[PDB]
Each structure stands twice: as structure tokens, then as C-alpha cells.
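What follows draws every value from the coordinates through simple rules; no lab data is involved. Cβ coordinates were reconstructed from backbone atoms using ideal geometry, including for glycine residues, and neighbour counts include every protein chain displayed.
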Amino acid sequence: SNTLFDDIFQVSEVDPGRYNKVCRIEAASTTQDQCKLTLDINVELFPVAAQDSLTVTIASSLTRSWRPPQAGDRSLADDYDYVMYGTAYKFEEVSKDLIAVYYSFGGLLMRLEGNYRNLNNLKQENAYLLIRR
Amino acid sequence: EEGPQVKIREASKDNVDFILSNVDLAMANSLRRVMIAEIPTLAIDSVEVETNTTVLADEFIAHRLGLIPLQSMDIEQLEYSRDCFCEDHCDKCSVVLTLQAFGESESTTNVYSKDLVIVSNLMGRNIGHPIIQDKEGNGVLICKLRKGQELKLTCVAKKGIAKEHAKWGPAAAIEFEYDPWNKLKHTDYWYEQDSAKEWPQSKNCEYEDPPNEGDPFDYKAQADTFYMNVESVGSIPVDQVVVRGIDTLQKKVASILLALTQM
Amino acid sequence: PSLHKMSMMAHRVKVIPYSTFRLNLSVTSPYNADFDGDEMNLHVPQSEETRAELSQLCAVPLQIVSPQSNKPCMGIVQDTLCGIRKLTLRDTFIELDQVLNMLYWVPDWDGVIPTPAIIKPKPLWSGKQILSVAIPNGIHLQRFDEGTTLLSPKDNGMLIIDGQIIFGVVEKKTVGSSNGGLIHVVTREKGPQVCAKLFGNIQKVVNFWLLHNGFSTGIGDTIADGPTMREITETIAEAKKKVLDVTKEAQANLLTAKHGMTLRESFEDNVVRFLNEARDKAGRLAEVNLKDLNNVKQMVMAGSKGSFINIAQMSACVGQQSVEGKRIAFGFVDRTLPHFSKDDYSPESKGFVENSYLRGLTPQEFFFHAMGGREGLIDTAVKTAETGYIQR
Amino acid sequence: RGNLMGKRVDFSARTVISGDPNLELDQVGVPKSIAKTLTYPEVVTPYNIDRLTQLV
Amino acid sequence: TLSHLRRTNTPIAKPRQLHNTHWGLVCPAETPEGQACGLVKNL
Amino acid sequence: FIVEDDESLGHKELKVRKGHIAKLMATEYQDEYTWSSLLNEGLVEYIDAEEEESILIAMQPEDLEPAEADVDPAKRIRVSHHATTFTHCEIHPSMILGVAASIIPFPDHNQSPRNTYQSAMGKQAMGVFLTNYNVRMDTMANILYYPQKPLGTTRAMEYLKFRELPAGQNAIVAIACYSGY
Amino acid sequence: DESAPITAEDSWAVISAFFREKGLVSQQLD
Amino acid sequence: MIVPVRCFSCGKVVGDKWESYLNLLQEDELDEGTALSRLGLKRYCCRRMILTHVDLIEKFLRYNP
Amino acid sequence: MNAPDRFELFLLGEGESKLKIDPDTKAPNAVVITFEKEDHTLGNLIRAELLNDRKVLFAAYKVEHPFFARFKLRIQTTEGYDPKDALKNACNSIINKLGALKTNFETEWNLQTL
Amino acid sequence: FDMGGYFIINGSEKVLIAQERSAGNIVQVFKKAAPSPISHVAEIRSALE
Amino acid sequence: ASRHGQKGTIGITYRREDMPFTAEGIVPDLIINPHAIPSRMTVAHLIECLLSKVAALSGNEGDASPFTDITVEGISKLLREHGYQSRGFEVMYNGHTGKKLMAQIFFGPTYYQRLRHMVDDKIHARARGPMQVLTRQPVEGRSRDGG
RNA sequence: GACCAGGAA
Ligand SMILES: [Mg+2]
Ligand SMILES: [Zn+2]
Ligand SMILES: [Zn+2]
């Protein structure tokens, strides 16, 4: 029912090799130097150039078919500008207090290096991604 | 003015260039399909042949006879022979044409659609007269004769639609375009160097604003506005192909409700 | 001819109109069949016993994975293959309107619209995603193609988890009839039955999607761009020089024979090898130049038809023609054709075809190509007969 | 070799093939014409007796 | 019909291959495929 | 064609000159100066395989005659006329071809056997085989209802009367994936 | 200039007059 | 073998236009790409229909009974 | 020879009905109508219009084989709302739209002088 | 347009298909391979024209 | 079959409304698969098309004679002069939906030939029928009603 | 029905 991870990042690079509409993104955290990010992103839908400072959330909610409209009358867990829904598919222990999680948003991939949100990121198909700014 | 709109860009006996606006593409397309496929027309559908001394075979000629456009204006007040009550056909459901031709001249003698003549009773409705757009008013050159070449046959035209045979198609090609600056990205341009340089702009580029590159892609967008052009073979006047198609389609969508109701 | 078990298989009848036997496109290959006019026999059992034998032993689904090579002997092919690639790129997204049709089209579908990979701005699905609606659960498959991370950077390999595509493009290596097979697995894992259902499902979706994407190919796709063209011409040019030299060398008696070869046998080995290096380089030159959007390269990448060498001779250079291994003979005294001077050991004289198929062959090139070609047709019709008796 | 190890046979048919994206893998489209020629000998039984009479 | 009247048969050390000498006299391409490949030539 | 150095005025050159070409087509428009004309004036000559051995042939003439004392990218790559020793010229390379083959368009752009097929398949095609078809009682024959001459043609078609008695129709063709049908 | 060099297009004219004389079945007849 | 009524592809009426196209040629000494266009044949399916037609009937005619 | 009659594309076969409605077993409040003697013209058009109905949760159609003029249409709606009525409403919508379209073209065409 | 060059025998049109053969009165030498007592042979197939 | 050894049977017929269309209202008579071309390398087909498209537009006979100075480049230039894109592609719209095809199609005239092999002359079925006398096995050949 | 001959995926 609740959020799983939260931080602001800043992009080191935007790569669109061979892809008309998608770019893989490279950011690191403002708070932790320990905290990196790699993210395939739909630029057509939400464009990006480097140095952009993006906020990034996770959360498991806000099972069953997907209902489209009426969302005027709905609790959009978005105060955001772009939201995906993917699957956790690798928990890579990279030494130390250091860990990485791997997500797949129907092909759009994501890798997140960090430490401390052990008590958070489960191997859940239920994993929504969120971006503002 | 109401719902979907029209602006007409050019018009003739046999060509309506216009713009559909404020519509589902699916709708615009359905009209296109209907206009081609489902508007009723009269065309010769049976040919009994009494004599043929031509270089052309009986059925070879028969086939051509199906392709001559016939006056189909008041076609809606002719019955489908299938539903008419006579065994075979009558005056209520069919037009009877007759063709007699003989090589009188030494020079080659020509059999044109003008040489058809309606034997059946028209009950005074616009029907069966072969369409002639011809400059010298001869219509389709059906066949050629030499001397003892005689052609004597009889035609029964019936009501029908393109779905059953194309001979009943009131319209020829129908030009249909939208979003001439690919702003919906509904197509991805093949190119060697410059998608812009290799691909020619459409006439309709003039009728929409160029996209201007300093712009984020509009995913919200959706195809309304459609540049069409209808061309009539002549069996029905262009404007009517549009209308009757609109009407024909509607009648369909209606019959659905109607069955929904006997349900 | 019927050289396989698989060359006669039991099918379910579906009485239909028109005068052709119609069959599923994927069972095309174990029969060896193409619709360029080939007829097929159908026998009908008469006993309760014999139909049993058919449905229980030699039904198409059973014959999928095959003992000829411990792998599946049919897989996704042609349009459906060419399309399944295009469908599953990262690039490829699908609007709600369409998605709904693609789902319904899958005749099994739990009636559950899966959550779009992108929920706003504007909900989009991805090819990967809705394709997986066809792949059943518990179908677990993983392959690494060269340079694959778990964060597959190039959409390489294949990561399918519980019948969900996680990354990588679906194509021949996956959805074809490979050992690693998406097919090999589904059969061995779910049933002959489930797998045969899979074929159907995959094609209904892909074909549908491909119907509305469209796919084509034209002369445009054989055009090697300006610089890459010129650059090919020099690749050939320089190797023509490489030959001219080894020729001069062997004309002054400087050249030394290799062990076992004539002074001459040795010379030709270099020439033939120089001219094939030439062609092959010019080939790779073009292949690299061709954009991802090039339809021919697209067919090659899916593995739906064609290969490097086809691109090579269409775009770059046809290459050296050969009869009986050696280059072209002197059928005429000391020359290949009466349009040449004598003792001409050059590439032009002995049947190197400098030109691409796009540029078109010279009349000499044409005739030598012809000579080589005829040798082909013969040892085809030969290896046919010899193959037959062998099999018997 | 040609009369015993092989034979021409009854209840058989042949015609041009074409492929179908809409058939299932393990079926084959048979022309109505051939369906009407080709026969299966079915034994009258209480299970089929009415259906069988219907076809006859 | 034409091509049938410019047709050559060649009964029965290597006849089937397209020879150099055949230049300009016989078609490099127009031959039957199979039992009579290169054995039936066309002028 | 016969070539001799036979020119006070310059190098080696074909006996046949543009004057004969005039004189030739003069007689063409008249539907005197026949083929047999070229043959007794000795501008042209018959060569079997044996005699072929001992000559040297230029492919094109004009191209393979005057020396040299920019180049098209798109075009193919032709060799040269480095030889001075020419005896004869090819009348036109396209005549190494047979009848069937002479209908194949751009066949010099095809994989070699793709030609060998069509130059057998076209003999299983359909069209108007003779204009007297109506009066002949051949056991089996097919005529095309509306034959068309082809939009793309061979210069050699002229002589085969292919334009006047065709084999097919010009179909508006799309190379596309559609229904997978 | 009725003794000019001959162009490539000109060869066809000759080829034309060949078939005027021989026709396509020269051999079978002769 | 005589002009098609109606172009295969689009269906535009074409059989009336034959003698005109022949006259736009002989008498007017127009070339084909214009003669066709003068007859309002524009979509090239209709162009090919006339431009590539071989009117054999005129030969068939020359035989007798 | 094995070609069906061409009118079979539109003339209802004897003892056939335009609509047959059966309910989707796989999911709640959803239903599958088969349109006999019909094709894309009607199918795409109705699908298109149900996609405007806010209370429609799902809409698709398919011509399962091209040999046969017919199509299945699947409709799911928010509960209470009956897909049958959903179809009803969508239909009139199309009609009214075409009504304007007719009226409007006529009205413009009246103004031409050619 | 008929080009002739055929025969009409009992109604059906017959074509005489050209026959290829080695020319005669011609001198040719061949190597007679390994297992032979002969090593080279000069043949001439000779005949009255 | 085209003149490039591209034999095909029909697989289905579609009426105009189902056929993909160029905005110009044009529609194919015939749709061949793209997978014909690469393994067969029958480039001449493609050129025949590009050339024939010009010829139809220009009403000038297309020379596809063998060894000549005609280049695909040359042809492409003319075709662009005529307004269609240089390589004979053309945007096409789906017949069922009216939506554009995401791909552009190679599209143009190409001489095709009707071949003497027609299916209703081929199709054959038997289930009990005339038997040989000597062997008492089924007789041979469609004609004779064989097995 | 023997037998010969010619041509096809
Ligand atoms: Mg085959
Ligand atoms: Zn009546
Ligand atoms: Zn047309």
C-alpha cells in the first residue's frame, strides 16, 4: 500500500544508441555518493538531456485487470511527470553494504546501486516507477 | 454547425475534393469502404445471345456488358430481383436492354454502348440508360464488326452491390489522406539521407501548419481532418456517392439496433 | 518426397471453400513445402484402429521436438518471424485501442488487460509485454548472446521468466526451431498440445500487429550510400593491384612455389584468395553501411530470409566466378573469350565479377557468371539423384 | 518394388497447397469438394444412430 | 513457339557445362533443369 | 562487324560507317540496301567457333576504339580497349542470348540461374499465340482475354514480335506483408 | 560525313536488317 | 484484344477513351504522356491500362466468315 | 468450383441471425456478440465508438478468418451498465454523427457551382 | 505472324529438333589414363561427305 | 510469375476496400511477399518495377534491355521528377482501419504472367474407383479417376 | 493396356 524508495538524482548522460524513441539514462544521487542509477526511458513521452535533476520514487501500490478512464475521479499516486510499471528480476550482491536491484518495464530496463533500502525493495511484479521534474 | 464537418475544395460532374473534419478516423474510413463496396447500382447481369458472328466470344462480350455503367439515379425505387415476387424478373426489379448490330459498312462497324436500347418499361424512373460521358457521345466501345458480322443479344440489368461483383461499383478510386506532416508519427519514413528531402510534401501540407522542430512531440494528438476525393464512374452523380454512402452506412448501423431489438 | 518421419503427419480436418489444401505456415518446413505450386497428398484412415494410430502416434503436435537432432523441427517463420522481431524492440510501443484487439485475438487470454508498462503521460504497452500474453506460465528461459549483461544493453539474449519477457529481442534464436528453443522448452515443459497451441497464438498476434505495421522492400534497400560505394570500389581496386603484383612477381620467376604446389598452382592460390578477400571486405563494407531501417538488413536480423552474402552481391560486388574450383578456363587457346588477348591471367579475364547486382554485370561478367551458374544447376540435379539412392 | 512395397491407393486425394495464418498448427484445410468425395465407414451404433441418419 | 524452333538436342567428356566456345552461338541461360540440363541448348 | 586499321584518318576502325546506317534505315522507312548488302560490301562477316579462335573482338565499338590523350558512380565498371589488334566488333552483346532469355528485363542484374528459370517458365505462360487462333482446332489452347505489351522491354523484343503478341499484363504490384496470406 | 564512326545505338539498325533478311527461323528453312 | 471497359485497379471507365487516344496520337501528333493526360487519365493504373494495350481484334477482324 | 456464392458475403444464410450474443465466461460483466454477414466496415466502426463510452472497460473485434464474412465483438463494461445497452448507445451515436455528416455535406455541396 | 519452319504430318505440326554430333574427318589427340597400356591416342572419325 | 523466376500461387483474394491503398486512391492488383527478394537476389524485378512506374507515368516505353547505360539512379531521378519518391516507395494506408501503414511500400507496375497451372485442373480425390486389370490395384491418373 | 517420346514443385 506504500512507498519503497525515494531520492533525487542528476543525469551524467543520455544515450539513445540505435533507438528512435528510447534512451538509457545515467544518474547518481544528490544525497548518497553510494547511489547510482541506470534507466531506459521513453524520451518521446518524457524527454531528457543530461544534468536534469530528477526525483525518483518506487512504491508497490497506487492483480486485477487495468481500468482506463474516470481518473478525474481517482487517486492518482502521481504528482509526477512519468510513471512506469515493471518487474524486479535480479538482486545482485556487489560486496560491502552495496546492493543492486534490476527492474524490467516490459523491456525498458533499470539498475539501481545503493545500500540501505534493504528493508524495502522486494522481488515484486508490483513495482511502479515514478519521475518528477 | 453540428458534429463532423465538411469543406468542399473542388467539385465536378465526377469529382468531389473535400475535407472531413471533427471525426473518428475509423468513421472516415468506413465511409470510404462503404462508398466503394456497398452502394447499390444497376448493371447488366444476365445476357441471352441470339446470334454472334464476332471474333469475340459470347461470354467475353457478356463480361464487358456488365461493365457498362447504367443510369442508377432512381435505383432505390427498383427492387432487388432476389426479393421481387415474380419468378425470375419483371419490370419492378429489372431493366431490359437490347443490342442488335450488323456490319453494314465495308469499313469496320462499331458497337458502342449508345447502341443499347431499353425494351422493358421504365415506369418513368431514371434508370437503365447507359452512361455516356464520351465527347462524340458513343460511350463504351463494346465490340467491332466487319461485314456479315452480326451481334444480336438481350440484357437484363439488376440492382446489386460491389461486394457481389465490382461491376456494381458506383465509385472509382477514392483519395484519402491525413496528417501530411507526419505529426502523429503514424508512419516512420524510410530514407537514405534525409527523410525530408527524399519524401515529397503533399498538396495538403498547405492546409495544416508545419510542425516546427523546436517542439516536444504531441502524444495527446489524434487524427481528425481527412483530405478525401471521390470519383464517380457516372452511374450515380458524385455528390450522391458521398451521401448515399453516408446513408448506406447509417442504414447498416441501424439494422444492428433493429436486430438488437427483435432480440 | 518423404524422407522424414515428419514428412507424413496426422492433421485435424477443417472443411473449407476453394480448391487448395490449406496448412499452418509453421508446419511448412518439416514437409519441405512452399506455395510456389506444390501439391500434397492426403490419405484418410478407414478403421477406428487406424485413426487411433494417427492421432496417437503421428499427430503434428507430437512430431514437434524430433529425434533427428534432439531439437524442435518446426518453429516460427517468414512474416511471423520478421514481424516478431519488429514487435519486440524497445522502440515498439502500443496504444490502448490496438492492444485490446491484440489481446482478444489470442484465443486463450484470461480476459485480463495487463497493466501497461507506461502509465502516463498516456498509457502505453510494449511489444515484449503483450507478446508474452501468448507465452504460458512457468515457461522459464534464459540465453546470453555475445556481450549480454543482466542489464542487456543492446537488447541481446533472452530473459523470459514465468512466461514473461524481461529483455531482449525475440527472433530466430528464440522463437525459431533452435536447441535452446522457446519452443523446445514449451513442448518439453507444457505438452505437445500446449506448444502447438503456442504456435497458433504467437502468429495470430504478431501477424495481426504486422498487418497494421506493414513491411516491405525495394531497390532502395540495396543501395549502398555514396562514400561506402566509392570506398568499396577502392577495396576492390587495391586487391586488383595486389594481384597484378603477384602476377608480375610470378612472371619474373621471383615467386617461390609452396610445398606440394606447382609454381602455377601456387600463383593461382594467391590470386583466388586475394579476390575473395576483396569481395568479402566490400561485402562487410556495405552490410555495416546499411541503416537499421534497411528492410533487407531487417530480414537478415530477424533471420526470416537472406544472409550477408546476399547483401554482398546485391549491393557491393558479386565476386569471383568458379567452375570446378579453379577460375575460368581457356576454352579458347590461351584465353577465356575471343574478346581477350592471350595469356591473360588477370581477374577480369578469369571471371571476377567486379560489379554488384545493382550496378549490373558486363557482358563478360554475365557470361562467366552464367558458366558458373550452369555448373550449379548440374550438380544440383546430380546431388539430388545421388542423395536419393543413398537414402534408399 | 512397385506393386507390393508400394501401391496406388483408395481414399486418397491431392491438390495445390497454400498456407493459412488462421488455421491452427495441427489442422489442414480441406476443400468441400474433396470432403464430399472422401468417405469414412462408420458403424451404426446407438451413440451415432440419429446423427448418422441425419447425414444419410 | 519461337524458342522451340531454335532448339538443340545432344545425346549421351563433359557436355552439360556452359563452354567458352558457346559464346554467341548458344544461350548461356535457356536450358532445361534436370535430366536434360545443358544437353538441350538454344541458339 | 569487320575492323581494319584501314584509316589514313586515324587509328583502327570498323568498315561500317554512319553513312551505311543512313542507307540502311532508308530502306527501313520504305515499310535496296539489305543485310546481304553489308555482307558483300564486306563490312560484316560470318565467324564460326573455329575461326573465332584466331580473332580479337571489341564489345562495344565506339567505346572500344579511340584511345585517350568525371566518371559515373551509378554505372557498372567496364574494362577497356588497350588493344590495337582488333579484327572484329560484337554487333551487340545482347545477342549472345536466346529467344526466351531475350524477354527477361535487366537480366544482367539477376542471379545467374534466376534467368535460367524464367527462360523456361515463360514457355508455360499464357497469351495470344497466333492471330488465327479462332480457326485452328488444336487439342488444348489458352488465350489471354486482355493481353498487354510490357511496360519494361528489350530492344530484342522487337524482332520476337513480343509487343504485338504478349504473355501477360502489367499488374499494379505491392511488395508487402499483409494478412500473411 | 557519310563515313563517320558508328555509334552504339546504330548497331540495332544493322541487327534490324539482319532479321529483315533471315527472320527468326533462317536455319530451319535454309 | 479490344480495349478494356474499366481499369482493373481503380475501375475508372476507360473503353470510351480508346479511339480518342488513337486520334490524339495520329491527328494531333501529341505524345502519349500528354494524350493520356488530355483524356484525364491520371492515376497510373489507368494510364497503363490504355498505354500498354494491344488492340488485336483489328487483326482478328481481317479473317473472313 | 469450390468458390462460395458471392452474395453469401451479405445475404443472411437461412436460419442465421445478424447478432448472436453470448456472455464472456472468462471475465465478469462482459459479452461476445457475433456479427454474421458483416466485415471491418461495421466492426472497426463500432469498436471505435465503444472506446468513447467511458463506462466501457474493453472493446475489440476480430474477423477470425477472411474466407467468412463475420466478426466477433467483445464488450466489457463497468457493472450495472449492460454491454447490450452499451452497444445500443454506441450505435445511435454513429448514426447521429452520420446524420450531421450527411446534412453537412449536402449543405456545402448545395453551395458549389460546378 | 506465323514463322513457319515446321511440318504438318497427319494434322499435327512437327518440329525437327537440331541434332548435335562430333564433326568428322577431324584429328584429335587424347591422353588414355593411368591403367592403360596405351598412353596417348590420335583418332580421326572419317567419312565421305 | 514475373520474368525473374518468381512463381507464386494465389493464396487469397481481397476486394478493393480491404486492400492497402496509396492516398492517391491507387491500390495493388497483386501483393507479393518481401521475403521473395533477398535469398533469390532478383534485383531486376525491383528495377523492372521502378522503371515500369516511370513508363506508366511518362507514357514512354521502358527500356530494360540488358547491357546499357540505364542506371537505377537515372530512373530514380525521373520518378522524383514525376512526384513519387525516388525509389518507388509510397506511403500506404491499411484497408481495414484507414490508419497509415508505419512502413512505406515498394509499389508499381510489374509484368506478371498467367501460367498454365490452374488448380481446378489439378485437384483430385478418390475413394474406391476403377481398378487395373492385371494388378487389381487403383488405376493411374486424375483423368482416369485414379488413386 | 503395353511400349516409346517429351515437359513439370
Ligand atoms: Mg515448392
Ligand atoms: Zn421481379
Ligand atoms: Zn486505374
Taking only Cα atoms of the stretch K:6-45, the Rg to Rh ratio with Kirkwood Rh works out at 1.03
Ranked list, fewest to most other Cβ atoms within 10 Å of each Cβ, for F:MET137, F:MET59:
F:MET137, F:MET59
Per-selection metrics, chain A (Cα): Rg and Dmax in Å:
14.9, 47
Long-range tail of P(r) for chain C (Cα pairs > 42 Å, %):
32
Please express the Cα-Cα pair-distance distribution P(r) of the stretch C:9-151 as a list of whole percents, one per 10 Å bin, running from 0 to the bin with the greatest distance.
8, 26, 31, 23, 10, 2, 0
If a paramagnetic tag sat 7 Å from the Cα of A:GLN70 along the Cα-Cβ line, which residues of the stretch I:50-71 would have the backbone N under 13 Å from that point?
I:54-58
Quick one: go through the stretch J:1-25 and flag any residue whose amide nitrogen is under 13 Å from the point 7 Å out along the Cα-to-Cβ line of F:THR139.
J:10-13
Pair-distance profile P(r), taking every C-alpha pair of the protein assembly as shown, with 10 angstrom steps and integer %
1, 7, 13, 18, 19, 17, 13, 7, 3, 1, 0, 0
Size of chain K along its principal axes in angstrom, Cα-based, largest extent first?
72, 45, 29
Could I get the Rg over Rh figure for chain H? Both from C-alpha atoms, Rh via Kirkwood, rounded to two places.
1.01
Where does chain J land on Rg(C-alpha)/(2.2 N^0.38 Å)?
2.14
Apply the Karplus curve 6.51 cos²θ - 1.76 cosθ + 1.60, θ = phi - 60°, to the phi angles in the stretch F:91-103 and return the couplings in whole Hz, x for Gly and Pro.
5, 5, x, 4, 9, 7, 7, x, 4, 3, 5, 7, 9
Give the order of C:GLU146, E:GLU33 when sorted by the count of other beta carbons within 10 angstrom, beginning with the fewest.
C:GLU146, E:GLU33
With Cα coordinates, the longest principal axis of chain B makes an angle with the long axis of helix B:25-37, in degrees rounded to 10, of 10
Over chain D, what lengths in whole Å, largest first, do the semi-axes of the equivalent ellipsoid take, defined as the square roots of 5 times the eigenvalues of the alpha-carbon gyration tensor?
27, 22, 11
Using θ = phi - 60° and the Karplus form 6.51 cos²θ - 1.76 cosθ + 1.60, what ³J(HN,Hα) does each residue of the stretch C:367-383 get, whole Hz, x for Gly and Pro?
5, 5, 3, 3, 4, x, x, 4, 4, x, 3, 5, 6, 5, 3, 6, 3
Relative contact order %, chain C, counting alpha carbon pairs below 8 Å whose residues are six or more apart
13
Hey, if you put +1 on the Cβ of every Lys and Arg and -1 on every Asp and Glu Cβ in chain I, which of I:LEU87, I:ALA3, I:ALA69 ends up farthest toward the positive end of that dipole?
I:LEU87
Could you work out, for chain I, what percent of all Cα-Cα pairs fall into each 10 Å distance bin, beginning at 0 Å and stopping at the bin that holds the largest distance?
13, 35, 28, 16, 7, 1
So what's the convex hull volume per residue for the Cα atoms of the stretch C:312-385, in Å³?
96
So for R0 = 56 Å, FRET eff. of A:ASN126-I:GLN112 from the Cβ-Cβ r, to 0.05, ends up at 0.35
So the label point goes 7 Å from the Cα of K:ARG128 along Cα→C-beta, right? Which residues of the stretch D:27-56 then have their backbone N under 16 Å from it?
D:36-44, D:56
Isolated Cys in chain B by the 4.7 Å beta carbon test?
B:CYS143, B:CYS155, B:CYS205
Between C:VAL112 and G:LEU29, the two model label points (7 Å from Cα along the beta-carbon direction) sit apart by a distance in nm of 8.4
Kirkwood hydrodynamic radius, the stretch C:207-336, all distinct C-alpha pairs: what's the number in Å?
17.3
Cα-based Rg of the stretch B:41-166 per 2.2 N^0.38 Å, rounded to two decimals?
1.07
Karplus (6.51, -1.76, 1.60) ³J(HN,Hα), θ = phi - 60°, over the stretch A:69-85, in Hz, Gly and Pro reported as x
x, 6, 4, x, 8, 9, 8, 3, 5, 8, 10, 10, 10, 5, 9, 10, 9
What whole-number distance in Å separates the alpha-carbon centres of the stretch F:61-105 and the stretch C:178-192?
58
For chain B, take the alpha-carbon Rg, divide it by the Kirkwood Rh, and send me Rg/Rh.
1.09
Cβ-Cβ FRET estimate between B:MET123 and A:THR63, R0 fixed at 60 Å, reported to 0.05:
0.30
When F:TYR146, A:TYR80, H:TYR44 are ordered from fewest to most other Cβ atoms inside 10 Å of their Cβ, what list results?
F:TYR146, A:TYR80, H:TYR44
Provide the FRET efficiency to the nearest 0.05 for the K:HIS117-A:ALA28 pair, computing r from the beta carbons and using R0 = 56 Å.
0.25
Using the Cα centre of chain H as the reference point, and only Cβ charges (+1 on K/R, -1 on D/E), how large is the resulting charge dipole? Debye, rounded to the nearest 20.
460
Treat each spin label as a single point 7 Å out from the Cα along the C-beta direction, and report the J:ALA33 to F:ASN132 distance in nm.
5.4
